[PDB]
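Shown next are two forms of a single protein chain, provided one at a time as structure tokens under the names structure 1 and structure 2.
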Structure 1
């Protein structure tokens, strides 16, 4: 808590000098008069070593909204070590609050609302289980609801996280798939959920996309999502309520197939059977098996009489040494 006195004509030069060495105090705020300007500094010793006049005065603390804080900043060391990455989906804030530390859950709550004020629901995070891949979520703060509208890559996505699968992070993958698509192709997305992949693909390109999903409430909020985005999309989307393994054999074929396969499911043969130009097949593979995974894909390609180039890439960390991966199959 101390300051720098500089002539107003030199105020800017001193300012960026202090930035250059790095002793300007961002927590406080600078006072000025017609004669001089005072800048708060972190260390006076290097201020005088640079040869500046150093003064001790009370400078106003800045509003907290203007102080750069992270989630580690506002939490004791121990329970931050225990946490617990934060993910925000619309109005819901989802975090993994470990079981040892739930008393500081309430302290945790404050931090999140100090970090994100516009969020109305804070929920504790479990795992994905069952066959709709719904994740275990319980609300530790706020409005007792698990549904909200979420913005991603320019689209609106209605999600009730207690009845459907949705992961915000896959936004990255979605944009990238959206970029591989070319205008005019017909695309099939099995296991489409609340159609985030359709909505993003059609958001950035003029295509027709078929979406197949089995969860009836997921098709409900896919409907509502398409209504929500009707004036936003360049392409067209059609939603099919059904089982992929029953629905797909009766559909026509598609330029590109994007299969976010559910954990444990083998849809490689079917989805590849419905593709002529591109298949993007997601799977869960341990690192040391990744190359074998590729051979499996190549095997299936030649079982269908297709000539393909196959490249598999890591998409995300699923569990220790296991990655969510995608096989890009280019059919010739």
Structure 2
């Protein structure tokens, strides 16, 4: 006897050699159609020219029954090995160049996407997933009293809490409720290395206490942390307990308003002020410092001189003899820097 045709039809051992040719204008619609129908060939790459896109397909008879122009073409094989290093390696420059910076916090990727390229959301997500296989959440960043970033989940688990690893500590965060910038890992380590055992240190605006955690992880010191957001305070308490067996130093968490709390504290060897953008806490934080102040601010590159001058002015106003050094910590916007004034109080 013989076989049923609908059993034989799947035996062909060779590869798929055809694709459909569509106007770029119709490319998205057609990609969706081909996926829906089930004949999109994952084994090969699509290509494009000035006016046309060619998608690889698995069944040219079904393609024709979709009204599509079938062509015979040698399309590239899908890559088996990936050597992507940057997001730019995975996107058209016209898309990539419009993206804000990409941050990884725990297993969450955060990216800024202007409305203007929101139509490219799917390839953007694809690119990020490829570059970061382990991330489970991709969120779109808006803008930052508690300085929470506006965030919308655009791929993955519908959550914004995670645990981030940095400088030998564990930091629980919930990005829907608290501020956290992973890019400050350098600064936090830097200050931790400058600190000497036996210091008493004050960190106003402490968030989920990443600065105190890193400092205390490396130095036997006492750190006071002041934070007004009760969600951040809660997470800070949990972070203290989560890291307790690896800290050399001690941390005291105070829930309160810096501008109410600090006038009622004793003074400290060192003050570290990760100031909220736009807020001026220089007088108050310097007033709590006996030997060092590390005061963060955001300054236009044409105003740096004036910034240094104002810091020295406030030093004189408080009767302190100081040397002031201003460092560019990071590029914030074009022509605008996150800076740190390192103030050494002389005796």
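Basically, rigid core = biggest C-alpha set you can superpose within 1.5 Å across the two forms. Numbering follows the first chain given and starts at 1.
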Seminar exercise, completed: Core-aligned between structures 1 and 2, the sole member of 113, 186, 232, 241 showing a Cα shift of 2 Å or more is 113
Exercise. C-alpha of residue 38: shift of 2 angstroms or more between structures 1 and 2, rigid core aligned?
Worked result: yes
Exercise. Relative to the superposed rigid core, does the CA atom of residue 303 travel 2 Å or more between structures 1 and 2?
Worked result: no
Exercise. Against the rigid core, is the Cα displacement of residue 162 between structures 1 and 2 at least 2 Å?
Worked result: no
Seminar exercise, completed: In Å, the rigid core superposition gives a C-alpha shift for residue 86 between structures 1 and 2 of 2.9
For this session: Just grab the Cα shift of residue 122 between structures 1 and 2 for me, core aligned, in angstrom.
Result: 1.5
For this session: Once the rigid core is superposed, tell me how far the Cα of residue 54 moves between structures 1 and 2, in Å to one decimal.
Result: 38.3
